[PDB]
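Coordinate analysis (summary)
So you can see what is in the structure, the chains are spelled out below.
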Number of protein chains: 4
Amino acid sequence: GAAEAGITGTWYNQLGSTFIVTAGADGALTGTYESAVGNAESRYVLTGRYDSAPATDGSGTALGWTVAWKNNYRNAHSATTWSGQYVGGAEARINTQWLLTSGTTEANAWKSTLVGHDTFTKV
Amino acid sequence: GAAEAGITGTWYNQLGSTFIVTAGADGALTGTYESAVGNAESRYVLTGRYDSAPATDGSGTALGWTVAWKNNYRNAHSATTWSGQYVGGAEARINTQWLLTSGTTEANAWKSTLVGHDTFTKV
Amino acid sequence: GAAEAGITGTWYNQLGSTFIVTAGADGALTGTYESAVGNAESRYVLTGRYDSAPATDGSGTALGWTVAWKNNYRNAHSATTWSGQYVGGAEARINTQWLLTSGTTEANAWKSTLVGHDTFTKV
Amino acid sequence: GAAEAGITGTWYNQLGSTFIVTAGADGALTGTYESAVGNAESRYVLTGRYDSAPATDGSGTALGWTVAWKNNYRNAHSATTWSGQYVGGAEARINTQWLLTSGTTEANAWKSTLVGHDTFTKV
Ligand SMILES: O=C(O)CCCC[C@@H]1SC[C@@H]2NC(=O)N[C@@H]21
Ligand SMILES: O=C(O)CCCC[C@@H]1SC[C@@H]2NC(=O)N[C@@H]21
Ligand SMILES: O=C(O)CCCC[C@@H]1SC[C@@H]2NC(=O)N[C@@H]21
Ligand SMILES: O=C(O)CCCC[C@@H]1SC[C@@H]2NC(=O)N[C@@H]21
Ligand SMILES: O=C(O)c1cccc(C(=O)O)n1
Ligand SMILES: O=C(O)c1cccc(C(=O)O)n1
Ligand SMILES: O=C(O)c1cccc(C(=O)O)n1
Ligand SMILES: O=C(O)c1cccc(C(=O)O)n1
Ligand SMILES: O=C(O)c1cccc(C(=O)O)n1
Ligand SMILES: O=C(O)c1cccc(C(=O)O)n1
Ligand SMILES: O=C(O)c1cccc(C(=O)O)n1
Ligand SMILES: O=C(O)c1cccc(C(=O)O)n1
Ligand SMILES: O=C(O)c1cccc(C(=O)O)n1
Ligand SMILES: O=C(O)c1cccc(C(=O)O)n1
Ligand SMILES: O=C(O)c1cccc(C(=O)O)n1
Ligand SMILES: O=C(O)c1cccc(C(=O)O)n1
Ligand SMILES: O=C(O)c1cccc(C(=O)O)n1
Ligand SMILES: O=C(O)c1cccc(C(=O)O)n1
Ligand SMILES: O=C(O)c1cccc(C(=O)O)n1
Ligand SMILES: O=C(O)c1cccc(C(=O)O)n1
Ligand SMILES: O=C(O)c1cccc(C(=O)O)n1
Ligand SMILES: O=C(O)c1cccc(C(=O)O)n1
Ligand SMILES: O=C(O)c1cccc(C(=O)O)n1
Ligand SMILES: O=C(O)c1cccc(C(=O)O)n1
Ligand SMILES: O=C(O)c1cccc(C(=O)O)n1
Ligand SMILES: O=C(O)c1cccc(C(=O)O)n1
Ligand SMILES: O=C(O)c1cccc(C(=O)O)n1
Ligand SMILES: O=C(O)c1cccc(C(=O)O)n1
Ligand SMILES: O=C(O)c1cccc(C(=O)O)n1
Ligand SMILES: O=C(O)c1cccc(C(=O)O)n1
Ligand SMILES: O=C(O)c1cccc(C(=O)O)n1
Ligand SMILES: O=C(O)c1cccc(C(=O)O)n1
Ligand SMILES: O=C(O)c1cccc(C(=O)O)n1
Ligand SMILES: O=C(O)c1cccc(C(=O)O)n1
Ligand SMILES: O=C(O)c1cccc(C(=O)O)n1
Ligand SMILES: O=C(O)c1cccc(C(=O)O)n1
Ligand code: NA
Ligand code: NA
Ligand SMILES: [Tb+3]
Ligand SMILES: [Tb+3]
Ligand SMILES: [Tb+3]
Ligand SMILES: [Tb+3]
Ligand SMILES: [Tb+3]
Ligand SMILES: [Tb+3]
Ligand SMILES: [Tb+3]
Ligand SMILES: [Tb+3]
Ligand SMILES: [Tb+3]
Ligand SMILES: [Tb+3]
Ligand SMILES: [Tb+3]
Ligand SMILES: [Tb+3]
Ligand SMILES: [Tb+3]
Ligand SMILES: [Tb+3]
Ligand SMILES: [Tb+3]
Ligand SMILES: [Tb+3]
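Residues numbered from 1 in each chain as written, not as in the entry; some residues may be left out. Chains lettered and ligands numbered in written order. Heavy atoms only, no water.

Method of determination, as given in the entry header: X-ray crystallography; reported resolution: 1.396 Å.

1. So, the coordination of the sodium ion (ligand 37)
Coordination of the sodium ion (ligand 37) by the protein comes from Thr47 of chain A (O), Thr66 of chain A (OG1), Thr47 of chain B (O) and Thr66 of chain B (OG1), over a distance range of 2.7 Å. With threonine 47 of chain A in strand β4 (residues 44–50) and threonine 47 of chain B in strand β4 (residues 44–50), the pair connects residues from two separate chains. (Donors = N, O, S within 2.8 Å, 3.2 Å for Na, K, Ca; no water. Helix = DSSP H or I, 4+ residues; strand = E, 2+ residues; numbered from the N terminus.)

2. Regarding the coordination of the sodium ion (ligand 38)
Summarising the metal site, the sodium ion (ligand 38) is bound by the protein donors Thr47 of chain C (O), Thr66 of chain C (OG1), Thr47 of chain D (O) and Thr66 of chain D (OG1), whose distances to it range over 2.7 Å. With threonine 66 of chain C in strand β5 (residues 61–70) and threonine 66 of chain D in strand β5 (residues 61–70), the pair connects residues from two separate chains. When sorted by exposure, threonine 66 of chain C lands in the same class as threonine 66 of chain D, which is buried. (Buried < 20%, exposed > 50% of the residue type's maximum accessible area, 1.4 Å probe, protein only.)

3. Points about the relation of the copies chain C and chain A
Related by rotation about an axis and a shift along that axis, the two copies of the chain form a pair. For the pair chain C and chain A, the best superposition has an RMSD of 0.0 Å and corresponds to a rotation of 180° with a translation of 0.0 Å parallel to the axis. Considering both components of the superposition, the chain copies are consistent with a two-fold axis. The rotation axis passes nearest to the C-alpha of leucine 114 of chain C in chain C, at a distance of 2.1 Å. A shared binding surface is used by both copies, with 100% of the interface residues of chain C retained as interface residues in chain A. (Least-squares fit on C-alpha atoms. Contact = heavy atoms within 4.5 Å.)

4. With respect to the interface of chain C and chain A
Each side of the interface is counted separately: chain C has 11 residues, and chain A has 11 residues. Buried surface at the junction of chain C and chain A, summed over both partners, amounts to about 1000 Å²; 78% is from carbon and sulfur atoms. For the chain C face of the interface with chain A, the top three residues by lost area are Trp110, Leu114 and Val115 of chain C, together amounting to 57%. The interface formed by chain C and chain A contains zero salt bridges. Summed over the shared surface of chain C and chain A, the number is two residue pairs in polar contact. (Buried area = accessible area lost by both parts, 1.4 Å probe. Salt bridge = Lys/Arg side-chain N within 4 Å of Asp/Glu carboxyl O. Polar contact = N/O pair within 3.5 Å; in protein donor to acceptor, adjacent residues only side chain to side chain.)

The structure is reproduced here in structure tokens:
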């Protein structure tokens, strides 16, 4: 469907990170994420979900995905989730907010979670 | 491994929602989510990621997952991501913060995303 | 009014931090905050706002406040804002989410902001 | 000081909202906020705090403020807090994340809080 075809592709955010994703027929997202910043090297697996029958009333398409920051090169003992929506057209965009949680002790849990926002384009 | 065995199971949060999850050998999370609140009925598919080799220095295990709120019964045109950490022991807990994004028009995008926090126990 | 009298007092959160506040007649909050954790020593000035005519339909009373983490003892070059609601009764509570932003370079801005949640009681 | 003089002024965000603020000598922020969106009319009082001795190592200046959405025209029974940092130069900017909490019943508290991000310029 249109949402599947719109989301599937290679995206970059304002940091220069690379988000490569395939949207499955009934709501799955799979792919890889490479961060331009932080305790990260090479590509990391991601999985997520999207609304595979979005409203055709002008609304965006809701989606989210997770990366755990462990691969064959490094392990930052952390995970980021991005929550957002896809907007199509000639200059398609995925607008997100994200939560990055690091494994911490309980005493340090108050400072376990960063929040931010990333906007992705196919350029 | 211990993280995999610790995370895998049936969990409930402070709202009475039900989180059924299986952790895979190298970082995958799969299962179902049923919300006690909101525009939701029955179970929804979830997928996510966790740190499959967490630090054994007393830190929790970082993880995250996504639900897109479409199933055979309803479609709320939204997605939630939970980002958090697993702590084991006799009273194991998953402590999370979450972001729920609804598909909106651009004019309404400023109010597209709710934030909250859920704590899950195996009880 | 009832909201003013309910909010005004000495509160503690789940970390053991101390929140001393006076609510003014038409929406002002003033007082001090002492954190049990982080780069902090002694009391810090806070200011904020609350809804001075909340709905009497069972809803809580919306409020927020800010602390900049500079006083005569230390300066962490950061600020926290708490956003939440007051609920009264015999065991009154202020339930909040918060954002802590540290001054950073632009290159590090992606990791400038922590998010969490604090619940305060008068005990 | 430089931070005080930099922050003080009239700012606008990407929604067209207007943020008029005066920074006081030792950390106070006072002024008014007018939102281009939502349940809002005319100007609302704001108060907040900033780091009045920021690090001069290239870091931004941490700050935050609150608006309770009650004035002589309307009362939305809500409050927003913005948490962020000021960056100066020829094209000065205040980059923020925000939390908007509405008064709700306990049953609806899970959906009490919106999160977003606003960037302000003096243009
Ligand atoms: O440092 C870590 O713990 C792992 C890398 C985190 C990179 C974050 S994820 C959110 C933000 N968006 C990016 O593309 N990179 C950062
Ligand atoms: O209303 C919707 O759009 C779908 C249901 C959302 C339920 C949310 S997800 C975060 C929070 N935790 C829960 O267990 N339920 C709510
Ligand atoms: O470390 C700093 O930069 C200053 C202290 C921050 C303490 C935070 S504010 C949110 C949370 N709630 C608390 O009572 N303490 C922490
Ligand atoms: O609808 C309300 O409850 C009151 C108005 C809220 C407007 C919000 S505050 C965060 C965001 N930034 C803006 O300039 N406007 C919206
Ligand atoms: O049974 C299914 O279709 C299923 C189960 C878990 C995840 C997914 C998915 O991500 O599609 N699909
Ligand atoms: O940007 C960061 O926080 C970062 C980057 C590389 C390594 C580390 C680390 O080892 O903490 N941290
Ligand atoms: O400069 C950094 O990234 C840094 C410094 C100290 C600790 C950590 C960490 O614990 O990630 N990271
Ligand atoms: O997968 C990659 O791009 C990769 C893997 C290891 C090192 C580097 C690098 O040094 O860029 N890049
Ligand atoms: O066939 C349907 O259920 C349908 C068709 C269009 C929109 C929607 C919706 O927005 O639920 N639902
Ligand atoms: O990213 C990692 O896995 C990492 C980083 C520093 C040291 C070590 C180690 O000593 O294993 N591991
Ligand atoms: O080089 C390392 O230390 C390394 C590499 C990959 C994963 C891990 C880990 O999971 O610690 N550590
Ligand atoms: O994984 C890391 O190094 C990391 C993660 C979150 C924050 C920080 C930091 O603030 O250094 N570092
Ligand atoms: O190639 C892989 O192992 C892979 C790719 C995508 C997702 C996952 C996963 O979620 O394990 N694993
Ligand atoms: O809790 C909610 O917001 C909710 C619950 C059921 C339906 C709807 C809706 O149809 O918006 N919304
Ligand atoms: O009471 C509710 O849940 C409600 C009311 C109006 C609109 C919506 C919505 O758009 O979800 N939801
Ligand atoms: O999967 C379920 O539990 C389910 C499915 C449809 C309706 C209901 C219900 O009405 O509880 N429950
Ligand atoms: O063998 C390894 O890479 C290893 C072993 C224990 C801890 C860590 C780590 O925390 O990176 N890494
Ligand atoms: O949850 C849904 O899919 C839904 C809810 C109300 C109406 C419709 C519809 O008219 O399709 N669909
Ligand atoms: O009953 C309905 O309208 C319905 C049921 C499942 C999905 C959808 C949808 O995706 O609109 N709509
Ligand atoms: O899916 C829904 O009905 C929904 C989602 C987010 C917020 C609300 C609401 O505030 O009603 N409703
Ligand atoms: O003019 C006013 O009443 C005013 C102006 C700024 C702040 C406040 C306050 O915090 O009450 N009140
Ligand atoms: O909990 C913290 O991050 C903390 C506590 C004291 C000092 C410092 C510091 O000097 O960074 N940081
Ligand atoms: O352990 C800590 O609190 C710590 C370590 C390195 C850097 C910082 C910081 O920059 O606050 N804080
Ligand atoms: O204001 C206070 O409580 C205070 C001030 C300085 C030091 C300490 C302390 O060492 O507790 N406490
Ligand atoms: O007199 C008024 O304006 C009034 C009285 C009660 C409630 C409300 C309200 O909730 O706006 N407004
Ligand atoms: O909290 C502070 O102000 C502080 C902390 C460490 C060093 C210094 C300094 O060298 O000024 N200042
Ligand atoms: O002891 C210090 O360095 C100190 C004390 C208070 C404020 C500051 C500052 O603002 O740097 N520094
Ligand atoms: O002010 C500080 O020391 C501080 C503030 C935020 C995070 C951290 C940290 O992660 O150490 N430290
Ligand atoms: O005693 C003080 O200086 C004080 C007390 C509360 C707030 C403020 C302020 O916002 O400056 N200043
Ligand atoms: O953007 C909004 O949510 C909005 C705008 C005006 C009025 C209302 C309301 O009365 O809820 N809500
Ligand atoms: O369209 C809107 O803004 C709207 C619709 C229903 C309820 C509310 C609300 O409760 O703000 N707002
Ligand atoms: O303070 C203002 O700008 C104001 C006040 C009331 C109405 C309007 C308007 O209708 O623009 N504007
Ligand atoms: O005089 C001081 O305390 C001072 C001067 C410059 C920087 C700092 C700091 O960053 O703490 N502190
Ligand atoms: O914004 C307000 O105060 C408001 C809005 C609608 C109705 C009422 C009322 O009936 O008081 N009040
Ligand atoms: O016109 C109204 O209802 C009104 C105007 C200002 C404040 C309030 C309130 O606080 O309800 N209500
Ligand atoms: O004050 C309002 O009308 C308001 C506040 C938050 C969300 C919404 C909404 O989602 O309509 N409306
Ligand atoms: Na996911
Ligand atoms: Na404030
Ligand atoms: Tb499937
Ligand atoms: Tb680091
Ligand atoms: Tb490379
Ligand atoms: Tb290692
Ligand atoms: Tb795999
Ligand atoms: Tb709804
Ligand atoms: Tb059922
Ligand atoms: Tb439908
Ligand atoms: Tb006043
Ligand atoms: Tb620190
Ligand atoms: Tb003391
Ligand atoms: Tb100093
Ligand atoms: Tb002062
Ligand atoms: Tb509304
Ligand atoms: Tb006007
Ligand atoms: Tb009214």
